[PDB]
Structure formats: structure tokens, C-alpha cells
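Asks: The structure follows.
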Amino acid sequence: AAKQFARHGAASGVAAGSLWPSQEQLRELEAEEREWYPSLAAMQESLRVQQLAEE
Amino acid sequence: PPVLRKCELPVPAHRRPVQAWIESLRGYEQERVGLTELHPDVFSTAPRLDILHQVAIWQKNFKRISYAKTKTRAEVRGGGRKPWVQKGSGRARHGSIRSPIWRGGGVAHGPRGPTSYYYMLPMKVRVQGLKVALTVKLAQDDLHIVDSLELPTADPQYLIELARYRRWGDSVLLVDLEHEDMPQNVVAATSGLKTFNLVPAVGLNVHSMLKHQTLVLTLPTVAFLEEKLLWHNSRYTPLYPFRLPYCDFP
Amino acid sequence: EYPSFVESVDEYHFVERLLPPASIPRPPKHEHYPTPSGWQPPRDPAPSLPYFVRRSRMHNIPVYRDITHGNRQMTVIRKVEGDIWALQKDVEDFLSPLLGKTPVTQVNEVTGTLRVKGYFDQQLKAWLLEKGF
Amino acid sequence: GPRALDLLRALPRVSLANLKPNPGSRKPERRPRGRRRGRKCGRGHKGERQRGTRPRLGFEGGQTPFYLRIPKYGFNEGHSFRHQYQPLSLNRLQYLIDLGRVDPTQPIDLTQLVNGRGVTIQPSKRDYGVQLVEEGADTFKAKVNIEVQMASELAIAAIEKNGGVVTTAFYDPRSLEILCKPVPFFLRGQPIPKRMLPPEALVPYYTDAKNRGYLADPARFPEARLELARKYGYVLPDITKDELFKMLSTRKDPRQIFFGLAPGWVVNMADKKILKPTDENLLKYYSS
Amino acid sequence: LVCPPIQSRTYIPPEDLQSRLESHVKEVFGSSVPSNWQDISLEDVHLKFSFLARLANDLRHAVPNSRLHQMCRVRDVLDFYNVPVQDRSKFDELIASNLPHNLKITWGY
Amino acid sequence: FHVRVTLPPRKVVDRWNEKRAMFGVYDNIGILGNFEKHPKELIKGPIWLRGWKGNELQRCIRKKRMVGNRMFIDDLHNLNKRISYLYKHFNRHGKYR
Ligand SMILES: [K+]
Ligand SMILES: [K+]
Ligand SMILES: [K+]
Ligand SMILES: [Mg+2]
Ligand SMILES: [Mg+2]
Ligand SMILES: [Mg+2]
Ligand SMILES: [Mg+2]
Ligand SMILES: [Mg+2]
Ligand SMILES: [Mg+2]
Ligand SMILES: [Mg+2]
Ligand SMILES: [Mg+2]
Ligand SMILES: [Mg+2]
Ligand SMILES: [Mg+2]
Ligand SMILES: [Mg+2]
Ligand SMILES: [Mg+2]
């Protein structure tokens, strides 16, 4: 259905709101990226600990 | 009122365009009613008679799907038991009554299943195949340009005598730019003839040209062919298929 | 629970910059030649010579190397129109002082390709550039 | 030109009855029939040769094979996870500009290089972008705002000599596939996703100002630029006084993929319109 | 739609070819020196059609498609009409070639 | 080795029927049609052999993948035995190895 919208869109007859993740899906996407991909602050401080430990 | 046609796409500087007469089918003697210029890179290219062999063979052996499937000794109905004990009988040793040696046995090496011969020549070779075929047709006076392709009547006998008067050979290939735009007089006249065939410009290829002894190109189709065939000289390799949107190729 | 969206047409000019061209652009005009990359455009008039050497679709001299059997080194000149035998003779006496002997060449008229035994691609490209092909 | 066309008038018409393949293109097949290729068919006399039951490839007849008596060492250990960078030489970068393949008036990034057929990137084969090499630093006279994924000291110095801007940015394989082939992505009917952060291994490379990292502190760029100018003895141009300063200062947000586009936008190419979300959660997720 | 009789592809150059060509040039060119009329160019598409069509309907011999890119000067078309064209095959040439009294040929098809 | 003693009725084949005259007309649909249909979308035949080519082993494997669930019981067994024999012959037999 999403591919038809990208092909025609106007003639596809599908609501454009279906292309974005739903609230149930958005919560799933929010948790997965947070738990697996850390933050820049966490990465920067993690490297400082190892650099101090090895030195 | 002469009908002229000057080449639109840039002709290379070191060469000059080739010219051919423009004819009309509205009358027997209505020939040489103008002059048209043909692009040298299409209608005056090198006469490659071996790049035509590859394309002509390709159009013959690219959709051939054989349907021959003989049954090997595994697929025969029976013969699941040893016919006679190997030692002591006094005859040659056998293991099944369906082996290829036996009368009713299978085939040791035969055509197996539907076999497909599908190979695609690179596109620039196929394009080069069309260019050389047109040049060969023009160089041997087998190419005639017809302006707008109209006929006085729908009688199929008119085309037969017209080709006889002008010595158009035995077979003539008539082309048109689009299917829905073909006039009713031409369609009805050529629908009852075998040696005369009408094909849209998109249905043109090497095998059809070599099948019919004479090729007829319409002036709108000539501009269509030069635009499509000269685009491959200065193009890029396809990052994604051209059916997808491109910056300057819709 | 479909969310809402806003349609705009003034933000589609960025997307038009992401479309590759299907045709090779002509080289832009430069005030000074040769260009820093060594590229030198062909002379405006066609040289008054029998044979002619077309440029590549990328606007470079069509002289290439080719190796076979791992020890056979050959130089190939492609896209030649006209009297090829004139090109062969001009090559023979051009490379004669450098080698002291006439180089071994193959002439393929059905294709329009001259094949020279050895790696002379750099010398040939300069030679054809001076003649303006 | 084609003097062979004159010969074609005298010769008869070319049809399907007289066509010959190029001589030497089709070597004939040899079948096992006759005295020569017969009674053995080129197999041998007895053994595993004539009966076709010779051992596998690499088996030396009971003796320990050559590929089993060599101790294991890690040459390809974790090769499927090592990052690869396609090299781009300044000789080729100069070559592209002279022929109009790319233009310095418009900012150049990875997408513009691909459309110019300069480099080909395969995201599947663990390619993380293009690295700038210094093969043609001496003859580089162009002025560009180029963005790559890895740069060398001499490559950066050569560009900054003419007054250019060099910036290194990291692209996740999910984003890099979109970046290299934008048109196929826009036909998938999916919102543009956020660009992911570099892993802990690649944080120092893009955070230090020596590598012109995209995540580096901008305050340390001017002092780092002057160090290269002092080191290689070239006068550092004042880039703020050039008329193309607006173009040369253009950058991308770390969460942004394309120029001027934003995560969460849907590009409807058929209608030539751009869609944007409205919900607070959708906007927050695509902008965090 | 009366069918005209089939034409014959046989051309013999007449003795007044010089006069016919120069007369045709004057009435359709009127451009260059009357003496050096054989050096006049045929580059213009309309002018070439105006000059070749008159010759075709006067000498009953039309320049084919292949040779049109060669006929660019007046001398080129003058030389073209100095070359006879024969429609008979080799056999018909042989069947009347003063054959010896012992050679007998029976064409039967 | 006895041969027939009567001349067979000569086959009067017409080279200009509908099939031969229109043979291979739209082979260049992609080249002269803005690249909208590849010439492989004109092949008529088996479902698993439209625009594909391979040896005997790759053909039998491909047939089992696509139309395997639609085949008859006896045909499904014979295909399995053909795959196993070809697998053993191609890998465990031959001269060049
Ligand atoms: K039987
Ligand atoms: K033998
Ligand atoms: K084998
Ligand atoms: Mg059995
Ligand atoms: Mg048993
Ligand atoms: Mg047995
Ligand atoms: Mg049987
Ligand atoms: Mg090679
Ligand atoms: Mg052999
Ligand atoms: Mg064989
Ligand atoms: Mg024997
Ligand atoms: Mg034996
Ligand atoms: Mg032995
Ligand atoms: Mg042992
Ligand atoms: Mg690669």
C-alpha cells in the first residue's frame, strides 16, 4: 500500500496517515532505539573511563 | 510546395548528413516530392554485417522454450525387480527391465524437461543492430521515405500495382508512429495482403527488416528513430532502471 | 487513529537536486587550456587528414591497454573512420625512431581498430592530441 | 567516411540466407565419435579416471591435505564487520570538475558524487562512505565545499589552500543506502529516518577538530586550520570575504540526511509535493 | 486510378546533355558564372530538390537515394548522367554477343 | 535399412503466414518504448521459465520452489529423485576435479 502511494498517491486512494508509525508502533520504535543505540553523552563518558583505566 | 526535413539533433562536425528522396503514396507517379536529411550516425554508420548476425540469431533463440521431455529409467512405469539371478543362469547380468539397454527402457541421454534459451545481449549491441540494418537498407536503395502514409483507396490491389510500378521488390514493410494513428485506408488495404505488412514504429527490429525486401519509413517515424537511437551514444550507465524517474529522461 | 499531515509544494526543489542525469553533460568552456586535469578539447576545425579518430562518450582519447596470457602487452586504438592504412603508416614511422624497428601492428577494417604490440598508450595519446583528434 | 557502403551497392541484398558469424567467435564442439575421439572418449584406462569417481578437490590420497596442515590464524577474523571506505583521489576530483561531471558552485557531498558517476558505493559490502586521499594534491586548483566520511592530513591541506571547506560525517548503513540511492528510497513510500550516531569506536575521529569532524566543536576549527597552513607553508585564505560564503558554510544537522529536508517528511514524487507530520509525538521522535 | 505502364531502368546519355544541363541551371539557379557553371554548389536542400527534379522529369532517370549525399556539385551530377545504366542481366548480354556457331543456349524457365 | 518406396507428399510451406510475417515484431519494445517493458515480459511458456536460464539441476530446483505445492503426488516424487541424482552426479562424479 505504501509503494502504491509513492507510485501514484493521488490515484492510489490511501490515507497519507498510514505511512507514519502508529502510537503502538512508535512506542516500540522509541524503546528499541533507546536501549540499543546509546546517547552521545554516554558514548563520550564511556570512552573517558576506558582511557583513564588504561593510562 | 516541396516537403523538406532538416536534422534536429547535432550532426557531428567531421561528417555531413546523408539525404534521401521523400515520396508519397497518393499517386503512382507522385515520387520525389521533396528532400530529407538523415543523420549520418544512424543511416550512414559502419556496415557491420556480423553485429546483425548476433541480433538476428538473438531474436530467434531468446524466447525458444522447448517442450521435449523423455522419461529416463527412473520415471518408467515398472522394472523394480532383478529379472534373473546374476550367477548360474547363463545370460547377461541385468538389474532392471527398464534400463536403456532393454527394449522398453528409458533414454540414457535425452531432452530433459522444458529447456529455456534466454540470453540478453547488451543494450548497446542491440541498438547498434538497428543502426546497421537501416544503413544497409539505405545503401542498397531498399529504403523509401513516404510522407504521412496516405492511400487514395482501401482496395488492396492498389498497393500491389504501386509496388510493381516502382519496383519495390516482392515484400514491403510499412511503418507508422503509433497504432491508433494509422489511417483506415492503409489498415484496410494491408490487412488482406501477406507480403505487405503494417507495423508501428515500436515494433521495428532487425528480423522484420531482413524478412521484407523493402522498408518504408514515414517522416514522423524517421525523427522518432533518430531521437531514440542517438540517445545511447552519450548516455550514462543505468544506476536504476530507466522506467524510474530520471533528471532529464522522463 | 490516523494523525494529520500538512502538504507543501515549496519544499520540492531540494528533491529535484537528487536526480541523476541520464545524459553526459558537455565539457564546460574554460578560459585557459589545457585544464589542470590534463584534458584538452579537440580543435575547432576537422584536421585535413584522411583518417579520423572519434572521441569517447566521456571526451577522452580512445587509446587503451590490453593484456593477454599475462605476458602479451598490446595497445588498442578504437573508433577510427576513414583510411585506416594511413593511420597505420603514420604510427609505424612515429614509433620507429623510439624502437629502432617498425612495430608489429594489426589492422581491423571491419571494426576500425589498430592494435600495436607493446605499451605505448601514453605516447600515442600525446601524439593524437597534437594532431587534434 | 564509410567507403565500404560504396561496395554494398554492387553486392546483392543482405538477407537471412547469407549471414556469417565473425570468424573465430565460435569454436566448434568436439563429440566422442570416430577413430580419434573414440573407444576411450578422452577419459583414460581403468581406475578412478575412466569411471569418474576420483576424490574431492584438495584430497592428496590419505596424506594430510595442504589446507589442513597449516595452523589457523586470523586473517579474515571479523572481516564482515570491518568498515570499508571507497578511496577518492584529488586527481579524479579535478578530472570530474573539468568535464562538468560535478560543479563547485553547488555544494558537493556523497550524493552528488554518485550522480556524477565518480564513485560507486555498495552499502551491503560494509562500505561506510568515501575517504579522501592525497594522490593529486599538487595539481588541485579547484575550490569546493566537499563532505566525505574520512579525510587525510594532506588532502585537507590541499583543499584549504585554494579556500575550500572539508567536513567528515558518519552515515549508518541504513542511512547510507538511502543517501546513495535517493530516488529508489522515495519510491518506497516511507518517511525519511533520522541519521544514527557513530559507534563508540568512531566517536574520537568525528569529535576531534583535526579531522574536521561534523560533531566537532566549531570554536576549535579556526586554530586547527591555521596549524595546517603553518605546517605546509601556505597562506590561509579569508573565506568569509568570498561571495560564495553562504554556499560554503552550508552544513547538515547530525539527525538530517539530505540538504533542506527533515526526518519524518514523505516525498510524494507523483504529485511533486512534500508531506509533513503534525502530531507532537511524531515531531518529537523525528527531531530527538 | 489508371495504372501507368511500367517504367524501364535503361538510360542512354544524349548528345545534348551539355545544353540541357546548362539550360536547366540557368532557369533554377541564376547564381554564378555562366562559363564555370560546373562548380556551382548544391548544398541547399530546397535548391537541390529544384534542380534534380527537373533533370529527373527531363531525362527520365532519377538519382537514387544512396548517391544523393555524393551529388553536391554540378560536375557530380554531370558525371552521373554520363554513365549508362543497363537493366538487362548478364545472360541477356551473353545471348546476343556474337556467339560462335557451335554454342547453343536454350533459356527455359 | 529398408527405405520407403513411394515419394511422400511434399510439404507446401508458406513463408508468409501470420506467424512468420509477424515473428519477432516487438523484440525492441524496451529500446523504442521509453524502457517501460523489458523484452523478457513477452515470453510465453512455463511460469518458472519466463526470462530465466540454467542447467538441468538449477531448473529442477527452481520448478520445485515455485510450482512445487501445485504438483501431483507422483510428479512430486519423481522430481525429488531427479534432484538427488543430479546433486550426487554433478558434485561427486566427473573428470575435471
Ligand atoms: K512397452
Ligand atoms: K582415442
Ligand atoms: K564434477
Ligand atoms: Mg523404479
Ligand atoms: Mg531391491
Ligand atoms: Mg542394481
Ligand atoms: Mg518409452
Ligand atoms: Mg582484456
Ligand atoms: Mg574435448
Ligand atoms: Mg559436448
Ligand atoms: Mg571399437
Ligand atoms: Mg577397458
Ligand atoms: Mg590401472
Ligand atoms: Mg594413515
Ligand atoms: Mg565497491
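Here, A, B, ... name the chains of the C-alpha cells in the order displayed, residue numbers run from 1 inside each chain, and ligands are numbered from 1 in the same displayed order.
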Find the residues in chain C near chain D: any atom within 10 Å counts, using only C-alpha atoms. Write them as a ChimeraX atom specification.

Replies: /C:2-22,24-30,35-40,50-52,58-59,80-83,109-110

Asks: What residues in chain B lie within 12 Å of chain A, counting only C-alpha atoms, written as a ChimeraX atom specification?

Replies: /B:243-245

Asks: Show me, as a VMD selection string, the residues that have an atom within 10 Å of stretch 48-54 of chain E when counting only C-alpha atoms, minus same-chain residues fewer than 5 positions from it.

Replies: (chain B and resid 2 to 4 21 31 to 36) or (chain E and resid 21 24 to 25 27 to 29 41 to 43 59 to 63 68 71 to 74 77)

Asks: Store the residues of this selection in a file with N, CA and C atoms, as a PDB file, in the first residue's frame.

Replies:
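Result file is part19.pdb:
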```
ATOM      1  N   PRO B   2       7.453  21.967 -51.950  1.00  0.00           N
ATOM      2  CA  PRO B   2       8.353  20.881 -51.544  1.00  0.00           C
ATOM      3  C   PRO B   2       8.279  20.627 -50.047  1.00  0.00           C
ATOM      4  N   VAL B   3       8.435  19.362 -49.672  1.00  0.00           N
ATOM      5  CA  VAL B   3       8.435  18.946 -48.275  1.00  0.00           C
ATOM      6  C   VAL B   3       9.873  18.624 -47.893  1.00  0.00           C
ATOM      7  N   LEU B   4      10.442  19.422 -46.997  1.00  0.00           N
ATOM      8  CA  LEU B   4      11.818  19.255 -46.559  1.00  0.00           C
ATOM      9  C   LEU B   4      11.861  18.891 -45.082  1.00  0.00           C
ATOM     10  N   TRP B  21      15.314  10.890 -51.034  1.00  0.00           N
ATOM     11  CA  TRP B  21      14.080  11.448 -51.570  1.00  0.00           C
ATOM     12  C   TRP B  21      12.902  11.162 -50.647  1.00  0.00           C
ATOM     13  N   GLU B  31       6.227  10.628 -56.869  1.00  0.00           N
ATOM     14  CA  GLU B  31       7.511  10.316 -56.261  1.00  0.00           C
ATOM     15  C   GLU B  31       8.460  11.496 -56.425  1.00  0.00           C
ATOM     16  N   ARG B  32       9.429  11.580 -55.515  1.00  0.00           N
ATOM     17  CA  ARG B  32      10.386  12.685 -55.464  1.00  0.00           C
ATOM     18  C   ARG B  32       9.661  14.024 -55.310  1.00  0.00           C
ATOM     19  N   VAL B  33       8.938  14.147 -54.201  1.00  0.00           N
ATOM     20  CA  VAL B  33       8.186  15.355 -53.888  1.00  0.00           C
ATOM     21  C   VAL B  33       8.893  16.183 -52.817  1.00  0.00           C
ATOM     22  N   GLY B  34      10.167  15.907 -52.570  1.00  0.00           N
ATOM     23  CA  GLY B  34      10.911  16.657 -51.582  1.00  0.00           C
ATOM     24  C   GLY B  34      12.261  16.018 -51.328  1.00  0.00           C
ATOM     25  N   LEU B  35      12.954  16.562 -50.333  1.00  0.00           N
ATOM     26  CA  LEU B  35      14.273  16.082 -49.948  1.00  0.00           C
ATOM     27  C   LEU B  35      14.406  16.163 -48.435  1.00  0.00           C
ATOM     28  N   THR B  36      14.864  15.076 -47.822  1.00  0.00           N
ATOM     29  CA  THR B  36      15.027  14.997 -46.377  1.00  0.00           C
ATOM     30  C   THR B  36      16.459  14.611 -46.039  1.00  0.00           C
TER      31      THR B  36
ATOM     32  N   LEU E  21      21.656  20.520 -69.390  1.00  0.00           N
ATOM     33  CA  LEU E  21      22.046  20.816 -68.015  1.00  0.00           C
ATOM     34  C   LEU E  21      22.258  22.312 -67.810  1.00  0.00           C
ATOM     35  N   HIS E  24      18.918  24.056 -67.779  1.00  0.00           N
ATOM     36  CA  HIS E  24      18.205  23.822 -66.526  1.00  0.00           C
ATOM     37  C   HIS E  24      18.797  24.641 -65.386  1.00  0.00           C
ATOM     38  N   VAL E  25      20.127  24.747 -65.329  1.00  0.00           N
ATOM     39  CA  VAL E  25      20.767  25.504 -64.254  1.00  0.00           C
ATOM     40  C   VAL E  25      20.355  26.969 -64.310  1.00  0.00           C
ATOM     41  N   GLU E  27      17.670  28.442 -65.412  1.00  0.00           N
ATOM     42  CA  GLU E  27      16.292  28.723 -65.035  1.00  0.00           C
ATOM     43  C   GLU E  27      15.987  28.413 -63.574  1.00  0.00           C
ATOM     44  N   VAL E  28      16.873  27.718 -62.863  1.00  0.00           N
ATOM     45  CA  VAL E  28      16.644  27.395 -61.459  1.00  0.00           C
ATOM     46  C   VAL E  28      17.763  27.868 -60.541  1.00  0.00           C
ATOM     47  N   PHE E  29      18.909  28.300 -61.069  1.00  0.00           N
ATOM     48  CA  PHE E  29      19.975  28.850 -60.237  1.00  0.00           C
ATOM     49  C   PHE E  29      20.133  30.346 -60.470  1.00  0.00           C
ATOM     50  N   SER E  41      27.492  25.012 -56.294  1.00  0.00           N
ATOM     51  CA  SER E  41      27.225  24.095 -55.197  1.00  0.00           C
ATOM     52  C   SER E  41      25.747  23.726 -55.140  1.00  0.00           C
ATOM     53  N   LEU E  42      25.469  22.560 -54.554  1.00  0.00           N
ATOM     54  CA  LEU E  42      24.112  22.054 -54.377  1.00  0.00           C
ATOM     55  C   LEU E  42      23.770  21.848 -52.903  1.00  0.00           C
ATOM     56  N   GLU E  43      24.394  22.626 -52.014  1.00  0.00           N
ATOM     57  CA  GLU E  43      24.250  22.388 -50.580  1.00  0.00           C
ATOM     58  C   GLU E  43      22.818  22.610 -50.101  1.00  0.00           C
ATOM     59  N   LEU E  59      15.202  13.873 -68.333  1.00  0.00           N
ATOM     60  CA  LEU E  59      15.987  12.754 -68.832  1.00  0.00           C
ATOM     61  C   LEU E  59      15.401  11.397 -68.460  1.00  0.00           C
ATOM     62  N   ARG E  60      14.336  11.371 -67.656  1.00  0.00           N
ATOM     63  CA  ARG E  60      13.690  10.132 -67.218  1.00  0.00           C
ATOM     64  C   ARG E  60      14.692   9.193 -66.546  1.00  0.00           C
ATOM     65  N   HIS E  61      15.507   9.762 -65.659  1.00  0.00           N
ATOM     66  CA  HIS E  61      16.491   8.987 -64.905  1.00  0.00           C
ATOM     67  C   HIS E  61      16.764   9.732 -63.608  1.00  0.00           C
ATOM     68  N   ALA E  62      16.334   9.158 -62.489  1.00  0.00           N
ATOM     69  CA  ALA E  62      16.404   9.817 -61.194  1.00  0.00           C
ATOM     70  C   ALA E  62      17.588   9.298 -60.390  1.00  0.00           C
ATOM     71  N   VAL E  63      18.281  10.214 -59.724  1.00  0.00           N
ATOM     72  CA  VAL E  63      19.396   9.834 -58.849  1.00  0.00           C
ATOM     73  C   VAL E  63      18.850   9.052 -57.658  1.00  0.00           C
ATOM     74  N   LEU E  68      22.665  10.398 -53.264  1.00  0.00           N
ATOM     75  CA  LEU E  68      22.294  11.796 -53.066  1.00  0.00           C
ATOM     76  C   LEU E  68      23.325  12.550 -52.238  1.00  0.00           C
ATOM     77  N   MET E  71      26.107  13.716 -54.745  1.00  0.00           N
ATOM     78  CA  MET E  71      25.777  14.754 -55.721  1.00  0.00           C
ATOM     79  C   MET E  71      25.660  16.090 -54.992  1.00  0.00           C
ATOM     80  N   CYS E  72      26.811  16.733 -54.795  1.00  0.00           N
ATOM     81  CA  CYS E  72      26.868  18.030 -54.137  1.00  0.00           C
ATOM     82  C   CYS E  72      27.334  19.160 -55.041  1.00  0.00           C
ATOM     83  N   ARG E  73      27.933  18.855 -56.189  1.00  0.00           N
ATOM     84  CA  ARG E  73      28.357  19.857 -57.151  1.00  0.00           C
ATOM     85  C   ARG E  73      27.744  19.554 -58.512  1.00  0.00           C
ATOM     86  N   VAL E  74      27.744  20.569 -59.380  1.00  0.00           N
ATOM     87  CA  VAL E  74      27.170  20.407 -60.713  1.00  0.00           C
ATOM     88  C   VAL E  74      27.945  19.362 -61.506  1.00  0.00           C
ATOM     89  N   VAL E  77      26.718  15.691 -60.763  1.00  0.00           N
ATOM     90  CA  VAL E  77      25.524  15.218 -61.454  1.00  0.00           C
ATOM     91  C   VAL E  77      25.761  15.132 -62.957  1.00  0.00           C
TER      92      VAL E  77
END
```

Asks: With only C-alpha atoms and all ligand atoms counted, collect every polymer residue having an atom within 7 Å of ligand 3; state the result as a ChimeraX atom specification.

Replies: /F:90-97

Asks: Using only N, CA and C atoms, please write the residues we just selected to a file, as a tab-separated table (two decimals), in the first residue's frame.

Replies:
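again-v3.tsv was written with the following content:
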```tsv
chain	number	residue	atom	x	y	z
F	90	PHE	N	26.62	-34.30	-10.21
F	90	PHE	CA	27.37	-33.08	-10.53
F	90	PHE	C	28.53	-32.85	-9.57
F	91	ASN	N	28.37	-33.21	-8.30
F	91	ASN	CA	29.37	-32.92	-7.28
F	91	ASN	C	30.34	-34.06	-7.05
F	92	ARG	N	29.87	-35.31	-7.06
F	92	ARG	CA	30.68	-36.46	-6.69
F	92	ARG	C	31.15	-37.27	-7.89
F	93	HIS	N	30.92	-36.80	-9.12
F	93	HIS	CA	31.34	-37.53	-10.31
F	93	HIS	C	31.86	-36.55	-11.35
F	94	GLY	N	32.57	-37.08	-12.33
F	94	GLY	CA	33.12	-36.29	-13.42
F	94	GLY	C	34.59	-36.55	-13.61
F	95	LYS	N	35.17	-35.83	-14.57
F	95	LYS	CA	36.58	-35.94	-14.90
F	95	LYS	C	37.40	-34.77	-14.37
F	96	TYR	N	37.01	-33.54	-14.69
F	96	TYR	CA	37.74	-32.36	-14.24
F	96	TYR	C	37.39	-32.08	-12.79
F	97	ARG	N	38.37	-32.23	-11.90
F	97	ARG	CA	38.16	-32.02	-10.47
F	97	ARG	C	39.49	-31.97	-9.72
```

Asks: If the limit is 9 Å from any atom of ligand 8, counting only C-alpha atoms and all ligand atoms, which residues qualify? Return them as a list in words.

Replies: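 Checking only C-alpha atoms and all ligand atoms against ligand 8 at 9 Å gives residues 65, 66, 67 and 68 of chain C.
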
Asks: Using only C-alpha atoms and all ligand atoms, find each protein or nucleic acid residue lying at most 9 Å from ligand 12; present the set as a PyMOL selection string.

Replies: chain D and resi 39-40+44-46+50

Asks: Only residues of chain A matter here; which ones have an atom within 10 Å of chain C, counting only C-alpha atoms? Give them as a tab-separated table (two decimals) with N, CA and C atoms, in the first residue's frame.

Replies:
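Result went into selection36.tsv, see below:
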```tsv
chain	number	residue	atom	x	y	z
A	15	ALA	N	-5.01	6.73	2.61
A	15	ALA	CA	-4.76	7.86	3.50
A	15	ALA	C	-3.27	8.02	3.77
A	16	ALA	N	-2.79	9.26	3.71
A	16	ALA	CA	-1.38	9.53	3.93
A	16	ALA	C	-0.97	9.29	5.38
A	17	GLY	N	-1.93	9.21	6.30
A	17	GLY	CA	-1.59	8.98	7.70
A	17	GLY	C	-1.09	7.59	8.00
A	18	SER	N	-1.37	6.63	7.11
A	18	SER	CA	-0.91	5.26	7.33
A	18	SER	C	0.59	5.11	7.14
A	19	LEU	N	1.25	6.09	6.51
A	19	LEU	CA	2.68	6.00	6.25
A	19	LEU	C	3.52	6.23	7.50
A	20	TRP	N	2.95	6.83	8.54
A	20	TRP	CA	3.73	7.03	9.75
A	20	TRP	C	3.40	5.97	10.79
A	21	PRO	N	4.37	5.61	11.63
A	21	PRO	CA	4.12	4.58	12.64
A	21	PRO	C	3.02	4.99	13.60
A	22	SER	N	2.21	4.01	13.99
A	22	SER	CA	1.13	4.25	14.93
A	22	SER	C	1.69	4.47	16.34
A	23	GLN	N	0.80	4.84	17.26
A	23	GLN	CA	1.21	5.07	18.64
A	23	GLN	C	1.76	3.79	19.27
```

Asks: Give me the residues near stretch 114-125 of chain B as a VMD selection string, where near means some atom within 7 Å (using only C-alpha atoms) and where sequence neighbours in that chain fewer than 4 positions away do not count.

Replies: (chain B and resid 61 to 69 129) or (chain F and resid 49 51 to 53)
